[PDB]
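An overview of the molecular structure
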Amino acid sequence: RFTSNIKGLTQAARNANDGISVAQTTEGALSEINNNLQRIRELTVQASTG
Amino acid sequence: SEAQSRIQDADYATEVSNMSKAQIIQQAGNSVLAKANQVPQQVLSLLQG
């Protein structure tokens, strides 16, 4: 039983690491999308002048 | 690259420990094998010849 448990926890730890990696990838994508949106807001503030 | 490295690239810290364990088991097994092979001749000691 202890062997089964330790193997299961090891595999679970690897799965959690994989999830952390996918979350990191998503966060990077969202960060650069944020940069693009900030630049668009920059342009919009520029364009309001008559 | 970070994600793929998390699956590949075996952790050396555990690898060295497993290697040392395997070496110790190998040495102990060989020694006990020799000691077991040193047992039978007690029958010759019994036979007194």
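- Per the deposited record, cryo-EM is how this structure was determined, to a resolution of 4.2 Å.

Regarding the overall build of chain B
- Regarding its fold elements, chain B presents three helices and zero strands.
- When the accessible surface of chain B is split by element, carbon and sulfur atoms take 59% of a total near 4600 Å².

Comments concerning the overall build of chain A
- Counting its secondary structure elements, chain A contains one helix and zero strands.
- The principal-axis extents of the C-alpha atoms in chain A amount to approximately 75 × 10 × 5 Å.
- Classification of the 50 residues of chain A by burial places 2% in the buried group.
- Carbon and sulfur atoms make up 55% of the accessible area of chain A, which amounts to about 4700 Å² in all.
- Once the 5 positive and 4 negative side-chain charges of chain A are each reduced to a mean point, those two points are 16 Å apart.

Some thoughts on the side chain of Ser21 of chain A
- Considering the arrangement of structural elements, one finds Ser21 of chain A in helix α1 (residues 2-47).
- Given a relative accessible area of 4%, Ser21 of chain A falls into the buried group.

A short note on the layout of surface pockets
- Volume-wise, the largest pocket comes out at about 250 Å³.
- Around the largest pocket, the lining residues are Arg14, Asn15, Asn17 and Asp18 of chain A together with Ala3, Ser5, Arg6, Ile7, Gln8, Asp9, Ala10 and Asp11 of chain B.
- Put simply, the parts of the chain that give the lining of the largest pocket at least two residues each are α1 of chain A together with α1 (2-5) of chain B.
- Looking at the lining of the largest pocket residue by residue, the classes come out as three nonpolar, four polar and five charged.

Description of unusual backbone geometry
All names here are of chain B.
- Even without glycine at this site, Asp9 takes up a positive phi of about 60 degrees.
- Note on placement: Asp9 falls in the loop between α1 and α2 (12-37).
- Take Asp9: its relative accessible area is 57%, and that puts it in the exposed class.
- One non-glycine residue, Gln48, lies in the positive phi region at around 55 degrees.
- Here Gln48 shows up in the segment after α3 (42-47).
- Residue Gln48 is classed as exposed on the basis of its relative accessible area, which comes to 68%.

Cut-offs applied
- Residues numbered from 1 in each chain as written, not as in the entry; some residues may be left out.
- Chains lettered and ligands numbered in written order.
- Part of a larger assembly, values for the part shown.
- Heavy atoms only, no water.
- Helix = DSSP H or I, 4+ residues; strand = E, 2+ residues; numbered from the N terminus.
- Areas by Shrake-Rupley, 256 points an atom, 1.4 Å probe, with all protein chains shown as cover.
- Buried < 20%, exposed > 50% of the residue type's maximum accessible area, 1.4 Å probe, protein only.
- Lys, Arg positive; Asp, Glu negative; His and termini not counted.
- Charge placed at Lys NZ, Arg CZ, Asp CG, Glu CD.
- 1 Å grid on protein atoms, 1.4 Å probe; cavity = no way out; pocket = protein on both sides within 12 Å on 5 of 7 lines; lining within 4 Å.
- Points joined across faces, edges and corners; volume = space filled by probe spheres on them.
- Nonpolar A, V, L, I, M, F, W, Y, C, P; charged D, E, K, R; others polar.

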